[PDB]
Number of protein chains: 4
Amino acid sequence: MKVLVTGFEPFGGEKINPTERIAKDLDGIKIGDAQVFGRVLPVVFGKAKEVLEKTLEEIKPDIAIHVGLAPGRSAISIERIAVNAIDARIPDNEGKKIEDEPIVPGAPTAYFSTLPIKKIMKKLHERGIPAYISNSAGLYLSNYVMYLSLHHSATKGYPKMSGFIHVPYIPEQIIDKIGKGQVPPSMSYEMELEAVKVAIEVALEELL
Amino acid sequence: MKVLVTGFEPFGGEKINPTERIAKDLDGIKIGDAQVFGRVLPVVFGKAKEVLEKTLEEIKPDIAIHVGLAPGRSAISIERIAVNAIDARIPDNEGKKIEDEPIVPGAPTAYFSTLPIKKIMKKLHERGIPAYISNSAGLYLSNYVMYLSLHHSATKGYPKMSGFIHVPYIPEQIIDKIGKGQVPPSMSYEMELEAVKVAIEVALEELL
Amino acid sequence: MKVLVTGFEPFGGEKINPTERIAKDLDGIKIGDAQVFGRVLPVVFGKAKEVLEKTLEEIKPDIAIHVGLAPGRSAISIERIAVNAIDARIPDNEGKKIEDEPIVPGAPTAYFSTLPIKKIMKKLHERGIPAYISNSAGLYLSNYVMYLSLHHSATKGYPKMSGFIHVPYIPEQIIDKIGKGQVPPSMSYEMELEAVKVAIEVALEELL
Amino acid sequence: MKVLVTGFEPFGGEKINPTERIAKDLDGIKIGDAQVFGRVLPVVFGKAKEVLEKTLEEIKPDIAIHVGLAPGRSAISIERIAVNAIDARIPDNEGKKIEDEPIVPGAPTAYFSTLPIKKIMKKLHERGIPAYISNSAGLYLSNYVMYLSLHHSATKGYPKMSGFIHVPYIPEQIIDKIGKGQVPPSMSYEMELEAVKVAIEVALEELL
């Protein structure tokens with residue numbers, strides 16, 4: 001079994017992205033039988049697609065789990081739908097703000113996630129990790145790589161399970177927002193890392 | 001040196017209060033030289049005063065730090081003011097909802113906290129624990145024991161340093177609010193317990 | 001030109017639904033040349049589809065604008081996507097909580113709204129009405145009638161423009177939440193009614 | 001009877017302050033028998049005190065009602081306590097950020113508002129205006145003029161009733177926050193202006 005876990009580099013003035021450090025910490029580990037591969041994608045439209053399609057070609061994983069920073073979210077949000085659109089409020093890391101573009105012209109409006117999302121969520125809960133089902137992943141880079149990967153799954157037969165997990169801020173990133181009058185929700189790094197490993201595990205008890 | 005730490009029992013339909021477990025975990029420990037005493041107060045107007053005045057009489061602490069559950073807060077809130085008023089929205093644990101009462105008739109409108117609150121906050125930050133100064137402690141039981149203790153300090157000469165710390169929900173308490181459509185901020189138990197020990201330590205580097 | 005405007009009856013313990021009163025206030029009026037029809041649908045899965053398909057059959061409108069109460073929203077939210085799913089958190093008004101059902105089995109995952117949503121939003125703004133594009137309509141009755149209507153548009157050729165608008169609470173509904181410790185955003189009735197007539201007007205300058 | 005109503009000029013990057021326009025709209029009107037005077041104060045520490053003490057000297061009002069913009073509040077908040085402290089997060093309009101200063105050295109820690117605040121709140125509610133009792137006015141300019149005026153009342157015998165009202169944003173100010181990714185609560189200008197006149201009226205049925 002081969003399992004891809006991606007995370008992103010820091011974007012829009014974040015000094016840090018907790019998902020980069022999750023991609024890197026799950027890289028090369030094995031959950032029993034299954035090899036896990038962890039890769040960090042650019043927050044750059046175009047380049048992220050390119051890098052993601054090479055990686056899926058090269059590893060050809062059975063389960064792909066894409067992870068992102070969802071600022072101001074208070075729990076682990078498990079994504080239900082990727083939609084065929086970019087409408088970037090902020091620019092990707094190269095300066096490209098893209099308003100109202102399809103991701104794949106002619107490809108479906110939307111794709112549902114193939115991860116067992118309610119089981120993942122229920123498991124997280126009995127681990128005492130607060131989690132819920134999100135119904136929008138935005139229309140920036142999370143939804144973009146969440147859509148391109150459910151599309152390659154549909155087009156090429158692999159990955160077999162694909163989806164997206166949004167994690168809160170970690171505590172160490174809150175303490176300079178406090179500074180400009182703001183205190184967002186956070187979640188410890190350790191809870192987040194564990195949440196994406198509990199996810200990998202209910203994905204494997206399902207995907208055969 | 002003697003240090004009191006209080007926490008409260010669960011109130012208003014919480015199954016758990018993280019501050020009860022913090023009172024109990026700091027009880028009997030020693031931070032160097034200083035003995036720490038941890039006591040859990042009732043969320044019962046009247047009875048909490050009684051219990052708190054006996055304890056301050058019996059231990060006669062140099063530093064008193066009172067800790068409470070602040071539901072929906074996203075960070076450790078360090079309290080600046082206790083005010084002379086009850087206006088309970090919900091009832092205390094015995095059924096007493098008290099609207100617009102003074103705590104001590106004739107006593108001052110307000111008391112400022114004697115804890116080094118900005119230093120505490122600054123230390124918490126460099127520990128990567130998100131923290132801020134709160135300017136209202138409500139007008140229920142946190143403000144009641146926060147005022148009664150700044151009053152005994154003013155009346156009797158001890159404690160020398162007194163204040164209040166509000167902690168978020170812990171994660172294990174969020175997962176049934178998710179159930180009734182709500183996901184509040186949470187903070188890990190371990191971050192909270194550490195935050196109140198980093199507080200005890202900057203209090204002692206100050207109080208001589 | 002014929003224009004359908006729907007609103008819903010009160011649901012889940014709301015004493016009132018502002019959209020029922022908007023359906024009823026735009027009924028029978030004319031914006032120039034165009035006749036406007038206002039109808040109130042049930043918040044009852046099944047029955048709402050039935051009632052909505054009869055109405056579209058009987059009026060055969062060129063523009064259909066479906067309006068709902070979005071509790072806790074602070075502005076007029078103009079909906080981008082209806083998705084093929086019910087996952088009701090609360091029960092519809094008859095007692096049916098439906099978890100994970102398709103609306104139309106075999107029909108597309110999603111439909112984009114055919115209303116000129118950015119122009120509507122930009123117009124609202126220059127009218128000083130705060131408005132934004134929402135990317136999820138839930139998976140209760142708003143998304144259900146928002147999807148059934150973009151599906152009849154796709155299946156039957158009419159309506160030509162279809163979409164959904166979510167309005168805040170009106171002020172008179174906030175004052176009893178204050179009572180159980182909550183104060184949600186509200187918007188005046190009059191701002192809301194005006195917002196859906198500014199919408200009808202940029203829809204008609206577009207739809208020929 | 002003489003009634004002072006103050007409002008503030010725009011501060012910290014607000015293009016507008018709705019309270020300036022309320023001070024100006026109630027100026028010179030009469031509620032029956034009672035003359036109402038409306039004055040706009042600077043958001044400048046020092047200068048606001050000066051201007052407010054001249055005005056109270058010159059009008060010598062029986063009721064003073066001080067009104068301010070509370071950004072991000074969703075309802076009319078009626079203030080309970082002015083406290084003797086500045087701790088400005090942002091600078092006043094002249095560049096002075098003042099951290100941890102007393103307003104009046106030697107004067108009381110706090111003052112309770114003399115307005116009949118629950119009656120005001122109850123009346124607002126039966127007018128369908130959402131309103132609640134706030135327990136902190138910040139430690140910038142609202143709390144500063146809210147304290148200076150409860151202090152002149154205590155020192156000089158007039159005003160007889162004094163307090164502070166915090167109003168939400170008005171809608172026209174929300175539409176450029178939407179732009180930088182934010183949509184705060186708003187309240188229509190008209191609801192706000194009416195709320196401070198319903199206040200003046202329950203203050204006069206009380207103050208003799």
# chains A, B, ... in the order shown; residues from 1 in each chain; ligands from 1
$ select_by_dssp --residues "segment 45-191 of chain B" --states "strand (DSSP E or B)" --output "ChimeraX atom specification"
/B:63-69,76-79,81-83,86,101,110-112,131-134,161-167,169,186
$ write_last_selection --atoms "N, CA and C atoms" --output "mmCIF file, in the first residue's frame"
data_model
loop_
_atom_site.group_PDB
_atom_site.id
_atom_site.type_symbol
_atom_site.label_atom_id
_atom_site.label_comp_id
_atom_site.auth_asym_id
_atom_site.auth_seq_id
_atom_site.Cartn_x
_atom_site.Cartn_y
_atom_site.Cartn_z
ATOM 1 N N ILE B 63 0.682 34.358 47.690
ATOM 2 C CA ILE B 63 0.223 34.538 46.333
ATOM 3 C C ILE B 63 -1.041 33.660 46.250
ATOM 4 N N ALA B 64 -2.177 34.256 45.808
ATOM 5 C CA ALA B 64 -3.332 33.462 45.515
ATOM 6 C C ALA B 64 -3.651 33.663 44.017
ATOM 7 N N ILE B 65 -3.823 32.515 43.327
ATOM 8 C CA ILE B 65 -4.173 32.451 41.886
ATOM 9 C C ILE B 65 -5.359 31.547 41.709
ATOM 10 N N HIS B 66 -6.367 32.266 41.251
ATOM 11 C CA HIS B 66 -7.735 31.700 41.072
ATOM 12 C C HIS B 66 -7.937 31.500 39.552
ATOM 13 N N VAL B 67 -8.433 30.286 39.252
ATOM 14 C CA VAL B 67 -8.470 29.800 37.875
ATOM 15 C C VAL B 67 -9.896 29.332 37.597
ATOM 16 N N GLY B 68 -10.400 29.658 36.393
ATOM 17 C CA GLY B 68 -11.715 29.319 35.916
ATOM 18 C C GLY B 68 -11.779 29.039 34.403
ATOM 19 N N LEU B 69 -12.830 28.249 34.139
ATOM 20 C CA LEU B 69 -13.248 27.882 32.786
ATOM 21 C C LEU B 69 -13.960 29.117 32.170
ATOM 22 N N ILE B 76 -5.534 31.807 26.924
ATOM 23 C CA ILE B 76 -5.398 32.095 28.334
ATOM 24 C C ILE B 76 -5.653 33.628 28.502
ATOM 25 N N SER B 77 -6.705 33.965 29.283
ATOM 26 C CA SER B 77 -7.044 35.370 29.624
ATOM 27 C C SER B 77 -6.700 35.585 31.133
ATOM 28 N N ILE B 78 -5.775 36.538 31.166
ATOM 29 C CA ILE B 78 -5.346 37.089 32.442
ATOM 30 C C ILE B 78 -6.223 38.353 32.799
ATOM 31 N N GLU B 79 -7.022 38.191 33.862
ATOM 32 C CA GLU B 79 -7.918 39.232 34.424
ATOM 33 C C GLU B 79 -7.290 40.429 35.169
ATOM 34 N N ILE B 81 -9.598 43.211 36.387
ATOM 35 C CA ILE B 81 -10.498 43.805 37.361
ATOM 36 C C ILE B 81 -11.566 42.891 37.931
ATOM 37 N N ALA B 82 -11.608 42.860 39.252
ATOM 38 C CA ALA B 82 -12.756 42.284 39.894
ATOM 39 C C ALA B 82 -13.663 43.489 40.241
ATOM 40 N N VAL B 83 -14.978 43.353 40.026
ATOM 41 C CA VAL B 83 -15.978 44.373 40.359
ATOM 42 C C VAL B 83 -17.001 43.808 41.355
ATOM 43 N N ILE B 86 -22.853 40.965 41.421
ATOM 44 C CA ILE B 86 -23.299 39.672 40.888
ATOM 45 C C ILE B 86 -24.386 40.093 39.930
ATOM 46 N N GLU B 101 -26.653 42.395 42.536
ATOM 47 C CA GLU B 101 -26.331 42.440 43.956
ATOM 48 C C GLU B 101 -24.893 42.944 44.147
ATOM 49 N N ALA B 110 -14.387 48.465 42.528
ATOM 50 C CA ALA B 110 -13.507 47.552 41.889
ATOM 51 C C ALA B 110 -12.162 47.528 42.573
ATOM 52 N N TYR B 111 -11.590 46.385 42.268
ATOM 53 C CA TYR B 111 -10.206 46.044 42.540
ATOM 54 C C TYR B 111 -9.484 45.522 41.318
ATOM 55 N N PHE B 112 -8.354 46.180 41.183
ATOM 56 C CA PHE B 112 -7.344 45.684 40.278
ATOM 57 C C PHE B 112 -6.577 44.466 40.866
ATOM 58 N N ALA B 131 -1.992 34.181 24.995
ATOM 59 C CA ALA B 131 -2.462 34.766 26.218
ATOM 60 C C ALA B 131 -2.767 36.236 26.012
ATOM 61 N N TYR B 132 -3.753 36.726 26.722
ATOM 62 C CA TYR B 132 -4.026 38.153 26.685
ATOM 63 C C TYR B 132 -4.641 38.639 28.033
ATOM 64 N N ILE B 133 -4.675 39.987 28.165
ATOM 65 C CA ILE B 133 -5.272 40.612 29.337
ATOM 66 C C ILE B 133 -6.792 40.770 29.166
ATOM 67 N N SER B 134 -7.619 40.084 29.926
ATOM 68 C CA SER B 134 -9.022 40.353 29.924
ATOM 69 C C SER B 134 -9.401 41.497 30.961
ATOM 70 N N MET B 161 -0.265 38.954 46.615
ATOM 71 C CA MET B 161 -0.565 38.966 45.204
ATOM 72 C C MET B 161 -1.749 38.046 45.110
ATOM 73 N N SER B 162 -2.706 38.561 44.318
ATOM 74 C CA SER B 162 -3.987 37.918 44.015
ATOM 75 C C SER B 162 -4.414 38.284 42.555
ATOM 76 N N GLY B 163 -5.083 37.344 41.910
ATOM 77 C CA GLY B 163 -5.679 37.474 40.588
ATOM 78 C C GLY B 163 -6.353 36.171 40.100
ATOM 79 N N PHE B 164 -6.903 36.449 38.916
ATOM 80 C CA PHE B 164 -7.655 35.466 38.198
ATOM 81 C C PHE B 164 -7.177 35.196 36.773
ATOM 82 N N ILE B 165 -7.138 33.884 36.433
ATOM 83 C CA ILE B 165 -6.875 33.284 35.129
ATOM 84 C C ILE B 165 -8.042 32.415 34.621
ATOM 85 N N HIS B 166 -8.469 32.814 33.419
ATOM 86 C CA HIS B 166 -9.448 32.163 32.618
ATOM 87 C C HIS B 166 -8.715 31.342 31.509
ATOM 88 N N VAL B 167 -9.096 30.059 31.523
ATOM 89 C CA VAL B 167 -8.668 29.058 30.544
ATOM 90 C C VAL B 167 -9.792 28.676 29.591
ATOM 91 N N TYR B 169 -11.854 26.035 26.876
ATOM 92 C CA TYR B 169 -12.318 24.642 26.945
ATOM 93 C C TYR B 169 -11.153 23.699 26.637
ATOM 94 N N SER B 186 -11.009 25.559 22.022
ATOM 95 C CA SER B 186 -10.311 24.668 22.910
ATOM 96 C C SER B 186 -8.762 24.905 22.880
#
$ residues_around --residues "residue 44 of chain D" --least-positions-apart "4" --cutoff "10 Å" --atoms "only C-alpha atoms" --output "CSV table (one decimal) with N, CA, C and O atoms, in the first residue's frame"
chain,number,residue,atom,x,y,z
D,8,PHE,N,-18.3,60.7,18.8
D,8,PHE,CA,-16.9,61.0,18.5
D,8,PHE,C,-16.7,61.1,17.0
D,8,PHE,O,-17.5,60.6,16.2
D,9,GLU,N,-15.7,61.8,16.7
D,9,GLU,CA,-15.2,61.9,15.4
D,9,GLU,C,-14.6,60.5,14.9
D,9,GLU,O,-14.4,59.6,15.8
D,11,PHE,N,-11.9,57.6,14.0
D,11,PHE,CA,-10.6,57.3,14.6
D,11,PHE,C,-10.1,56.1,13.9
D,11,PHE,O,-10.8,55.5,13.1
D,48,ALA,N,-9.9,65.4,24.7
D,48,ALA,CA,-11.3,65.0,25.0
D,48,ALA,C,-11.8,65.4,26.4
D,48,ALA,O,-12.9,65.8,26.5
D,49,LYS,N,-10.9,65.3,27.4
D,49,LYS,CA,-11.2,65.6,28.8
D,49,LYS,C,-11.6,67.1,29.0
D,49,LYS,O,-12.5,67.5,29.7
D,91,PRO,N,-3.1,54.0,19.1
D,91,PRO,CA,-3.0,55.4,19.4
D,91,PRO,C,-4.3,56.3,19.3
D,91,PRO,O,-5.0,56.0,18.4
D,92,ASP,N,-4.5,57.2,20.2
D,92,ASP,CA,-5.5,58.2,20.0
D,92,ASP,C,-5.2,58.9,18.7
D,92,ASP,O,-4.1,58.9,18.2
D,93,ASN,N,-6.1,59.8,18.1
D,93,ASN,CA,-5.9,60.5,16.9
D,93,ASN,C,-4.7,61.5,16.8
D,93,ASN,O,-4.4,62.0,15.7
D,94,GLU,N,-4.0,61.6,17.8
D,94,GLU,CA,-2.8,62.5,17.8
D,94,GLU,C,-1.5,61.7,17.8
D,94,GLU,O,-0.5,62.3,17.6
D,95,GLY,N,-1.6,60.4,17.9
D,95,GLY,CA,-0.4,59.6,18.0
D,95,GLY,C,-0.1,59.1,19.4
D,95,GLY,O,0.9,58.3,19.5
D,96,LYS,N,-0.8,59.3,20.4
D,96,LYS,CA,-0.6,58.9,21.8
D,96,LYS,C,-1.2,57.6,22.1
D,96,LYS,O,-2.4,57.4,22.2
D,97,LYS,N,-0.4,56.6,22.2
D,97,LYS,CA,-0.8,55.2,22.7
D,97,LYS,C,-0.4,55.3,24.2
D,97,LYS,O,0.8,55.6,24.5
D,140,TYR,N,-9.7,52.7,26.2
D,140,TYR,CA,-9.4,53.8,25.3
D,140,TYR,C,-10.4,54.9,25.7
D,140,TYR,O,-10.9,55.0,26.8
D,141,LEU,N,-10.6,55.8,24.7
D,141,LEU,CA,-11.5,57.0,24.7
D,141,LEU,C,-12.9,56.8,25.1
D,141,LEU,O,-13.4,57.7,25.8
$ closest_atom_pairs --of "chain A" --to "chain D" --cutoff "12 Å" --atoms "only C-alpha atoms" --output "Markdown table"
| residue | atom | partner | partner_atom | distance |
| --- | --- | --- | --- | --- |
| A:88 | CA | D:181 | CA | 11.2 |
| A:89 | CA | D:181 | CA | 7.6 |
| A:90 | CA | D:181 | CA | 9.0 |
| A:178 | CA | D:89 | CA | 10.7 |
| A:179 | CA | D:89 | CA | 9.0 |
| A:180 | CA | D:89 | CA | 8.6 |
| A:181 | CA | D:89 | CA | 7.6 |
| A:182 | CA | D:89 | CA | 11.3 |
$ residues_around --residues "residue 35 of chain D" --least-positions-apart "2" --cutoff "10 Å" --atoms "only C-alpha atoms" --output "number ranges by chain"
D: 1-4, 26-33, 37, 61
$ residues_around --residues "residue 130 of chain D" --least-positions-apart "3" --cutoff "10 Å" --atoms "only C-alpha atoms" --output "PDB file with N, CA, C and O atoms, in the first residue's frame"
ATOM      1  N   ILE C 170     -33.376  39.244  11.042  1.00  0.00           N
ATOM      2  CA  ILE C 170     -33.804  40.637  11.211  1.00  0.00           C
ATOM      3  C   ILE C 170     -33.790  40.892  12.754  1.00  0.00           C
ATOM      4  O   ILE C 170     -33.884  39.967  13.592  1.00  0.00           O
ATOM      5  N   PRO C 171     -33.598  42.151  13.148  1.00  0.00           N
ATOM      6  CA  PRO C 171     -33.402  42.604  14.526  1.00  0.00           C
ATOM      7  C   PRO C 171     -34.355  42.157  15.614  1.00  0.00           C
ATOM      8  O   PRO C 171     -33.989  41.733  16.707  1.00  0.00           O
ATOM      9  N   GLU C 172     -35.615  42.174  15.269  1.00  0.00           N
ATOM     10  CA  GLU C 172     -36.723  41.737  16.077  1.00  0.00           C
ATOM     11  C   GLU C 172     -36.571  40.248  16.397  1.00  0.00           C
ATOM     12  O   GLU C 172     -37.164  39.788  17.389  1.00  0.00           O
ATOM     13  N   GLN C 173     -35.807  39.428  15.608  1.00  0.00           N
ATOM     14  CA  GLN C 173     -35.596  38.006  15.969  1.00  0.00           C
ATOM     15  C   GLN C 173     -34.371  37.846  16.954  1.00  0.00           C
ATOM     16  O   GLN C 173     -34.298  36.799  17.661  1.00  0.00           O
ATOM     17  N   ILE C 174     -33.437  38.867  17.030  1.00  0.00           N
ATOM     18  CA  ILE C 174     -32.275  38.773  17.885  1.00  0.00           C
ATOM     19  C   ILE C 174     -32.639  38.976  19.318  1.00  0.00           C
ATOM     20  O   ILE C 174     -32.036  38.372  20.195  1.00  0.00           O
ATOM     21  N   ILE C 175     -33.659  39.769  19.557  1.00  0.00           N
ATOM     22  CA  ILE C 175     -33.855  40.160  20.916  1.00  0.00           C
ATOM     23  C   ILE C 175     -34.271  38.951  21.796  1.00  0.00           C
ATOM     24  O   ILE C 175     -33.998  39.061  23.002  1.00  0.00           O
ATOM     25  N   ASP C 176     -34.807  37.771  21.378  1.00  0.00           N
ATOM     26  CA  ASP C 176     -34.931  36.664  22.353  1.00  0.00           C
ATOM     27  C   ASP C 176     -33.726  35.719  22.384  1.00  0.00           C
ATOM     28  O   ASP C 176     -33.624  34.883  23.280  1.00  0.00           O
ATOM     29  N   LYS C 177     -32.760  35.791  21.482  1.00  0.00           N
ATOM     30  CA  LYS C 177     -31.550  34.988  21.605  1.00  0.00           C
ATOM     31  C   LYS C 177     -30.711  35.628  22.735  1.00  0.00           C
ATOM     32  O   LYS C 177     -30.100  34.893  23.513  1.00  0.00           O
ATOM     33  N   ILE C 178     -30.658  36.992  22.836  1.00  0.00           N
ATOM     34  CA  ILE C 178     -29.993  37.810  23.875  1.00  0.00           C
ATOM     35  C   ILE C 178     -30.319  37.181  25.254  1.00  0.00           C
ATOM     36  O   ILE C 178     -29.420  36.971  26.098  1.00  0.00           O
ATOM     37  N   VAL C 183     -26.151  36.932  21.119  1.00  0.00           N
ATOM     38  CA  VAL C 183     -26.562  38.011  20.235  1.00  0.00           C
ATOM     39  C   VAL C 183     -25.886  37.911  18.826  1.00  0.00           C
ATOM     40  O   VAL C 183     -24.759  38.379  18.490  1.00  0.00           O
ATOM     41  N   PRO C 184     -26.640  37.166  17.939  1.00  0.00           N
ATOM     42  CA  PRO C 184     -26.307  36.975  16.515  1.00  0.00           C
ATOM     43  C   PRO C 184     -26.388  38.267  15.661  1.00  0.00           C
ATOM     44  O   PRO C 184     -27.115  39.225  15.993  1.00  0.00           O
ATOM     45  N   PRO C 185     -25.668  38.396  14.533  1.00  0.00           N
ATOM     46  CA  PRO C 185     -26.054  39.380  13.527  1.00  0.00           C
ATOM     47  C   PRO C 185     -27.461  39.174  12.868  1.00  0.00           C
ATOM     48  O   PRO C 185     -28.013  38.082  12.444  1.00  0.00           O
ATOM     49  N   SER C 186     -27.843  40.486  12.833  1.00  0.00           N
ATOM     50  CA  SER C 186     -29.071  40.990  12.213  1.00  0.00           C
ATOM     51  C   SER C 186     -28.794  42.107  11.150  1.00  0.00           C
ATOM     52  O   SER C 186     -27.663  42.668  10.924  1.00  0.00           O
TER      53      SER C 186
ATOM     54  N   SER D  74     -22.500  43.488  17.594  1.00  0.00           N
ATOM     55  CA  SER D  74     -23.714  43.132  16.862  1.00  0.00           C
ATOM     56  C   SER D  74     -25.015  43.744  17.353  1.00  0.00           C
ATOM     57  O   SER D  74     -26.071  43.595  16.713  1.00  0.00           O
ATOM     58  N   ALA D  75     -24.958  44.432  18.499  1.00  0.00           N
ATOM     59  CA  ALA D  75     -26.127  45.052  19.139  1.00  0.00           C
ATOM     60  C   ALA D  75     -25.681  46.316  19.898  1.00  0.00           C
ATOM     61  O   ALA D  75     -24.472  46.642  20.055  1.00  0.00           O
ATOM     62  N   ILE D  76     -26.718  47.062  20.273  1.00  0.00           N
ATOM     63  CA  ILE D  76     -26.545  48.182  21.130  1.00  0.00           C
ATOM     64  C   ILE D  76     -26.067  47.607  22.506  1.00  0.00           C
ATOM     65  O   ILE D  76     -26.705  46.715  23.078  1.00  0.00           O
ATOM     66  N   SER D  77     -24.890  48.049  22.950  1.00  0.00           N
ATOM     67  CA  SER D  77     -24.339  47.676  24.242  1.00  0.00           C
ATOM     68  C   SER D  77     -24.365  48.932  25.175  1.00  0.00           C
ATOM     69  O   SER D  77     -23.944  50.085  24.905  1.00  0.00           O
ATOM     70  N   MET D 121     -32.502  49.029  28.464  1.00  0.00           N
ATOM     71  CA  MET D 121     -32.363  47.827  27.712  1.00  0.00           C
ATOM     72  C   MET D 121     -33.682  47.127  27.451  1.00  0.00           C
ATOM     73  O   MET D 121     -33.957  46.647  26.349  1.00  0.00           O
ATOM     74  N   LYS D 122     -34.556  47.143  28.427  1.00  0.00           N
ATOM     75  CA  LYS D 122     -35.852  46.500  28.308  1.00  0.00           C
ATOM     76  C   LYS D 122     -36.792  47.194  27.330  1.00  0.00           C
ATOM     77  O   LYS D 122     -37.549  46.564  26.570  1.00  0.00           O
ATOM     78  N   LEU D 124     -35.668  49.231  24.802  1.00  0.00           N
ATOM     79  CA  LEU D 124     -35.092  48.957  23.494  1.00  0.00           C
ATOM     80  C   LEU D 124     -35.615  47.639  22.898  1.00  0.00           C
ATOM     81  O   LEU D 124     -35.976  47.639  21.737  1.00  0.00           O
ATOM     82  N   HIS D 125     -35.692  46.583  23.735  1.00  0.00           N
ATOM     83  CA  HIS D 125     -36.188  45.278  23.387  1.00  0.00           C
ATOM     84  C   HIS D 125     -37.636  45.277  22.990  1.00  0.00           C
ATOM     85  O   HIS D 125     -37.972  44.610  21.999  1.00  0.00           O
ATOM     86  N   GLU D 126     -38.475  45.993  23.720  1.00  0.00           N
ATOM     87  CA  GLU D 126     -39.845  45.990  23.314  1.00  0.00           C
ATOM     88  C   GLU D 126     -40.124  46.899  22.110  1.00  0.00           C
ATOM     89  O   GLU D 126     -41.185  46.827  21.495  1.00  0.00           O
ATOM     90  N   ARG D 127     -39.135  47.697  21.710  1.00  0.00           N
ATOM     91  CA  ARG D 127     -39.051  48.463  20.455  1.00  0.00           C
ATOM     92  C   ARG D 127     -38.471  47.548  19.337  1.00  0.00           C
ATOM     93  O   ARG D 127     -38.303  47.981  18.192  1.00  0.00           O
ATOM     94  N   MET D 187     -25.419  47.531  11.930  1.00  0.00           N
ATOM     95  CA  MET D 187     -26.738  48.008  12.379  1.00  0.00           C
ATOM     96  C   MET D 187     -27.076  49.334  11.649  1.00  0.00           C
ATOM     97  O   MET D 187     -26.204  50.216  11.389  1.00  0.00           O
ATOM     98  N   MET D 191     -31.636  52.757  13.290  1.00  0.00           N
ATOM     99  CA  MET D 191     -31.921  51.959  14.501  1.00  0.00           C
ATOM    100  C   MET D 191     -31.108  52.453  15.729  1.00  0.00           C
ATOM    101  O   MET D 191     -31.586  52.472  16.860  1.00  0.00           O
ATOM    102  N   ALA D 195     -32.380  54.230  19.065  1.00  0.00           N
ATOM    103  CA  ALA D 195     -31.940  53.596  20.298  1.00  0.00           C
ATOM    104  C   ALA D 195     -31.414  54.647  21.313  1.00  0.00           C
ATOM    105  O   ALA D 195     -31.865  54.560  22.473  1.00  0.00           O
TER     106      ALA D 195
END
$ closest_residue --among "B:87, B:22, B:154, B:168" --to "residue 99 of chain B" --atoms "only C-alpha atoms"
B:87
